[PDB]
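One-letter residues, chain by chain:
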Amino acid sequence: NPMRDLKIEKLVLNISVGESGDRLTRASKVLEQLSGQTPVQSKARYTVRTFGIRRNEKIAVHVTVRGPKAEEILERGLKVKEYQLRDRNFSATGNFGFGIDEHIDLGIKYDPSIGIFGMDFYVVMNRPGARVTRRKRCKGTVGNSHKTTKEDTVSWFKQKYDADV
Amino acid sequence: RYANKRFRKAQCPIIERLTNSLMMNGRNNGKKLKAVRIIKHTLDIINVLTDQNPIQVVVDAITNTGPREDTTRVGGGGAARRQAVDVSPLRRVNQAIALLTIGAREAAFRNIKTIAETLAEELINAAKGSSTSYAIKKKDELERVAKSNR
Amino acid sequence: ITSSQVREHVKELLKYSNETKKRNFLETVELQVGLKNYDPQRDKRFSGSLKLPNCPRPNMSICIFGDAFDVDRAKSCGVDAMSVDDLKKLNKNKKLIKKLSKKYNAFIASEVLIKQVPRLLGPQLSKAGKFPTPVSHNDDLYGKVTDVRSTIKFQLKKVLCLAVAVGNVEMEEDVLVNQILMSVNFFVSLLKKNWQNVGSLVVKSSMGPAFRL
RNA sequence: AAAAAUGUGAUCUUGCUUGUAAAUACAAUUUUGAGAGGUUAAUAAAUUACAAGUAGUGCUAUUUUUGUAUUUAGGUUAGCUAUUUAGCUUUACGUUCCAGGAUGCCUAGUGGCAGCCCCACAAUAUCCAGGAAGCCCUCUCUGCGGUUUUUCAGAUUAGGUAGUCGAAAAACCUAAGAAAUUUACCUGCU
RNA sequence: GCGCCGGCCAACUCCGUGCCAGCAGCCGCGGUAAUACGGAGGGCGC
RNA sequence: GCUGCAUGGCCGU
RNA sequence: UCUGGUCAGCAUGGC
RNA sequence: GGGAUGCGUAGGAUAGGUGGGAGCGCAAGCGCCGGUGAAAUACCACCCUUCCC
C-alpha cells in the first residue's frame, strides 16, 4: 500500500541553453538561493549558427533534488505558471514538464528534453521500490504494472496545494 | 573698413572711453548692464587684492597686451610669405581689449556669479607689474612671429 | 737554474765582492731575476712570502700583536710587541700606524684578535700587503719567527723584475743556493710557462757587483 | 632613521664581465558578419633578484633601546612643427593606441601676495623607443555585399543633349537556365 | 480643262491625319489646333 | 487625373 | 535672362 | 743597453711600482723618527710608461 503510493523522486530545475552569467557569472545566481544547491553542466554539439561553436560548453543547466529539498521547492514552485498545470501536459510514466513541442528528431535517445515547463521543471514521479531499475546491479525493469499512470500521477500532486486544471 | 570710428561715451564711473570699449568687448546679446557690472566688480576685486587703483591696473594691462608688430600674409611670386608689419594704433587697442576678454574667458577660475573674477585676475596678470597670462602670451607670440620673418 | 750553475753564480759573486778583502760588515746576498713575456697588467704580478729554508741571515723585522704568553714570547725574542689595548688607539692615529707598517716586514697576530685588527688596522695594513698572519694564542712563536726572518717577501709590483734577500756572507754557498731554489719554486708554480719566464738571473752581494747566472 | 655596545681572521663596499629567475597585462568600440590558419616572415627592450671572478673589499658577517614618522621629494631620458617663447596632441618610421625605466641632470630657491603651509617658473646628453592591436591573403558557414546570362525598342505626339556602373529582366551567392523592356532640360509644322 | 494658294510667289478656311501616310525647286513641312501631307469649300493664274 | 515645354495670373532670379 | 516656379489657390487650351 | 720621463686629493712636494733599508755624508744636506695618505720618500737594487741614442 504505502509502497504503491507515488512520491517525487528527483526533480531538478534547469535553465535555458546558451552561455550563462554572460556579463558576470550569473544566471547561476538564480537557481542559487533557490533549491539550495548549485549545479552547472556543459554541452556538446559544436557548430551552432547562433550559438557557440564552443565544444565544452559553459551552458548553464542545473539543479536536482532529493528528499525533502524538492518539497519545500516544488512548493511555491507549482502554483507558478501553469496555464494548464496538467493534462496532456504530462504523460505515460507519470509526470512531466513541457509546453509546446517542435518537430524535432525524438524518441531514439535517452530522451533528455528541451521541453520547458516553468524554467523547465522536471518533476519525475516514481512509486515504489523503484531504485530497482535505476540502480546498477541486476537492474530489473519496472513491471509496467506497478508503473505510474498519468491518472494516478495527476493525483497526489493536485490533492495537495493546487488544482489540476 | 567696417565703418567710421564711432566715438564712445565715456564710462559713468570713471569717465574713460577706453573703459567703455572694454565693457563693450565683454558684453554680448546687448546685455550692457551685466557687462558693466562684471567690469566694475572686477575693479573692486583689483582694489582689494591689489593696493593699486583699478583704473591704473587696467590701462597698464592693455599696454602690455598691445602688439607692436603683427604678421600678415601676402602672396609673393612663390608661396604666401608672411610679411611683418606695424599695427595701427587703433588696431592695437581693439586687439588688446579683445585678447584680454578672450583670455579672461579662458581662465579656469569661475569666480563671482559671473566672469567678473576672471577679468579681475586677467587684468592683473596682464599688468607687467605682472606681464603674464594668456592675453600677454598671444601678444608676445605675435611679435615673436614678426621679426622672425623680418 | 740548475744547482751547479747557481753554485757557480754564488761562488763567483763572493769572490768578486771587494774593495778590501771584505767590508767590515757582513754583506747580504740578493737574487735578482727579470721576467719576460708576462703581462704585468694582469694578476701576473707576484706578491708572496717565501719561507727560506735557511733563514735570511738577519732573523726581516717582525711585529707581534697579541696578549700575554704570545706577547711574552715576543718580548723574549726581542721583537716589537703591539698589545691588545693599543689596537684601537693605533686605528685612531694613522700617523703612528703608518710608521709602524713601514718599519716592519711581517706582522704576526693572535688569531682571536683578527677581527679587531682588520677593523682598526686593516685600512693601513691591507693596501701594504702587511696584514698579519694569525697564530693560535698558545702557539710557539720561535719556529715561525725563525722562518719569517725566516720569511722574505717577493713583490714584483708592476715591474717585470724582482729582488729578494737570500742569505748572508756567513752562510754556506750550498745554503744560499737552497734558499734561491725556494724563491725560484714560487715562480715555477705561478705561471704555466714556469721558469721559462725567467729572462735572466743574477746574484750579488751588498757591495759586490751582480753576476749573471 | 638615530644611539650604544659584541664582534665573525682588523676591516671595508661604487662599480665591470658571465650564468639562471619574473612582471611589464589585457580586452573592448570598430572593422566585409563570424570562426579557424603563419597576429607571420622577424627579432625579441629592459627593470630587479642570487652566484662566481675582479679593482674594490677578507667573505656570509649581530644584538639591545626610541618617536607614526622627524624622510628626502618631486621632475626629468613621447612624438610632431618651430630661429627663441610656444604650441598640438599627448609619443611615432612597417601602420593604430599607450611607459617612460638607466645613468646623469634640475629646484630646495627666485617672483605675486599683508602674511603663508597660499599661485607661477628648472632640469644637458648617450641608453631601448618597448609593449598590445596588427600581418595581400586562404578555407568553411557562407556575407545588408554582390555574381550570372540575355535583350535593347525607343520619350503623353516625335526629335536635339543626356541621366553612378549605359538601362532593364530574372535570378545566383555552391550557383547564375531563362523572358518581357525608361527618361529629365526642352521644342514644332500646314 | 490644268496647275497652283508656307516663303521666294497672286491666292485660306474645315475636316482627315499623327516623324505615319506623304510633300519637296531651294528654305523646309508631318511626332493631335498642320493655310506645307490627303479631301472638301473657297481663291489665284492661264 | 495628365500636360507649367499649349497658357493667364502671380512669384523667384 | 533661366523653355525658372505654380495647371494643387484660382483662371484656362488640349488629353 | 745608456740618458731622460711619470703632476686627483692629503702629504712643506709631479708618490709609476716593488724588495732591501737605518742610515749615506767630514759637514751641509738627505733619510729614519714624527706626519699625511690607498701607498712613503734617503741609500742599494729589480720591474714598468713615454721620449731620445
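Cut-offs used in this document
- Residues numbered from 1 in each chain as written, not as in the entry; some residues may be left out.
- Chains lettered and ligands numbered in written order.
- Heavy atoms only, no water.
- Near = heavy atom within 4 Å.
- Polar contact = N/O pair within 3.5 Å; in protein donor to acceptor, adjacent residues only side chain to side chain.
- Contact = heavy atoms within 4.5 Å.
- Axes fitted to C-alpha atoms, helices over the stretch in contact; angles between N-to-C directions.
- Helix = DSSP H or I, 4+ residues; strand = E, 2+ residues; numbered from the N terminus.
- Parallel < 35°, antiparallel > 145°, perpendicular 65-115°, else oblique.
- Nonpolar A, V, L, I, M, F, W, Y, C, P; charged D, E, K, R; others polar.
- Pairing = 2+ DSSP bridges.
- Buried < 20%, exposed > 50% of the residue type's maximum accessible area, 1.4 Å probe, protein only.
- Arc of directions from axis to C-beta.

Once that is clear, we can look at the protein's contact with RNA strand D. All names here are of chain C. Taken together, 20 residues sit near RNA strand D, with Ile 114, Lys 115, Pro 118, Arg 119 and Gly 122 positioned nearest. The sugar and phosphate moieties of RNA strand D supply 61% of its atoms located within 4 Å of the protein. The separation between a sugar or linking oxygen of RNA strand D and a polar main-chain atom of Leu 120 is 2.6 Å. The separation between a base nitrogen of RNA strand D and a polar main-chain atom of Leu 121 is 2.6 Å.

Here the focus is the arrangement of the chains. If you take every C-alpha in chain A and every C-alpha in chain B, the smallest gap between them is 40 Å, and the two do not touch. One finds no contact linking chain A with chain C; the least C-alpha distance across the pair is 65 Å.

Another point: the packing of helix α4 (residues 89-106) of chain B against helix α6 (residues 134-145) of chain B. Residue and element names in this part refer to chain B. The N-to-C vectors of α4 and α6 enclose an angle of 130°; their axes lie 7 Å apart at closest approach. By the angle between their axes, α4 is oblique relative to α6. Of the residues in α6, those touching α4 at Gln 95, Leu 99, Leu 100, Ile 102, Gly 103 and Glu 106 are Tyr 134, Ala 135, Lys 138 and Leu 142. A breakdown of the residues in the contact of α4 with α6 according to their chemical character gives 6 nonpolar, 2 polar and 2 charged.

A word on the sheet that holds strand β4 (residues 80-82) of chain C. All names here are of chain C. Taken in spatial order, the 4 strands make up an open sheet running β4-β3-β5-β6, and their pairing is parallel. Because the sheet does not close on itself, it has two edges, and the strands there are β4 and β6 (133-135). Strand-to-strand twist of the sheet, defined as the mean angle between neighbouring strand axes without regard to direction, takes the value 30°. Pairing geometry for strand β3 (residues 62-65) and strand β5 (residues 106-110), over 4 bridges, is parallel. In the strand pairing of β5, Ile 62 is matched with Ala 106. This element, helix α2 (residues 70-77), spans β3, β4, β5 and β6 of the sheet and lies at about 155° to β3.

Residues and elements named next belong to chain C. By the burial criterion, the buried members of helix α4 (residues 94-103) are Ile 97, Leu 100 and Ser 101. Seen end-on, α4 carries its buried residues on one side only, within an arc spanning 100°. In α4, those exposed residues whose orientation departs by more than 90 degrees from the buried face are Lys 102 and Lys 103. Each element contacted by the buried residues of α4 is listed here: β3, β4, α3 (86-92), β5 and α6 (122-128).

This paragraph deals with the pairing of β5 of chain C. Residues and elements named next belong to chain C. Counting buried residues in β5 gives 5 out of 5 residues, a clear majority hidden from the surface. Here β5 shows a buried face lined by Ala 106, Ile 108 and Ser 110 and a second buried face lined by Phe 107 and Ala 109. Pairing analysis gives 3 bridges linking β5 to β6, with the strands arranged parallel. Directly across from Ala 109, in β6, lies its bridge partner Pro 134.

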